[PDB]
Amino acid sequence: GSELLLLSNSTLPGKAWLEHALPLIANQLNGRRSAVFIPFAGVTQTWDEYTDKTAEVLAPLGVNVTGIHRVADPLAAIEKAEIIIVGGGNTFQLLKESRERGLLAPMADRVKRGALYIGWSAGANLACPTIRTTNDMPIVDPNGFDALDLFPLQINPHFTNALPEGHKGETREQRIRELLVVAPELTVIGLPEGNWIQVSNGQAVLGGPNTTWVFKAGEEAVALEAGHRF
């Protein structure tokens, strides 16, 4: 019963920031206009800059964006929001700030009660039960890896198994397989750049032109393509 748009990344090569997300958002808004933006993953730009940028790209869709860090009452802003938008950046800082401010549970409940959730990269991580499949660096301790638990599977965004020539460090699949040792019940979706999962009207729909990979404990990786229903 939830409405989610989970993008692997913000920008296709040669396209504008979030350009490819606009028609997917447009199709899912279903009349919604009031959005709260969660900027906390952003580290190297200010949250005001991040919010203005998000407001700018969504304005032609009719969406009104409010940055949650600039309202007096963030709980009431989330409560009245029709759309919750969670930007990319560092996943640990995103989760840490969301938990410290007491926003994690209100965000999840607002989405469960009907609000549209849009997240890309780090914001796709946050929608999963935990952030255990992020690729980000642990620059801050989020005091727990549990996240919004809006999508039941673990998404690994920016998925690629390519490595630089001669690299001897862990491959992406090797890192995921280690997670499957410690948490053997999990399904990990290797969601490549360019792809997304859109949960709407009772269906979780894989989208994007690139091959998606599913990892489960003890099973060879499974290739999926756009149109798969989870």
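Note that residue numbering follows the sequence shown and begins at 1.
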query	finding
Residue 70 left out of the model in a third or more of other PDB entries	no
Entries skipping residue 162: at least a third of other ones	yes
Entry-level comparison of average CA B-factors, 22-30 and 158-166, reporting the higher stretch	158-166
34-42 or 174-182, whichever carries the higher mean Cα B-factor	174-182
Among 135, 130, 121, 143 - the residue whose C-alpha B-factor is largest in the record	143
Cα B factor band for residue 95 (lowest, middle or highest third within the chain)	lowest
Position of residue 58 among the chain's modelled residues by C-alpha B-factor, lowest, middle or highest third	middle
CA B-factor placement of residue 201, once the chain's modelled residues are sorted into thirds	highest
Chain thirds of CA B-factor: placement of residue 10	lowest
Relative C-alpha B-factor of residue 152, binned into the chain's lowest, middle or highest third	middle
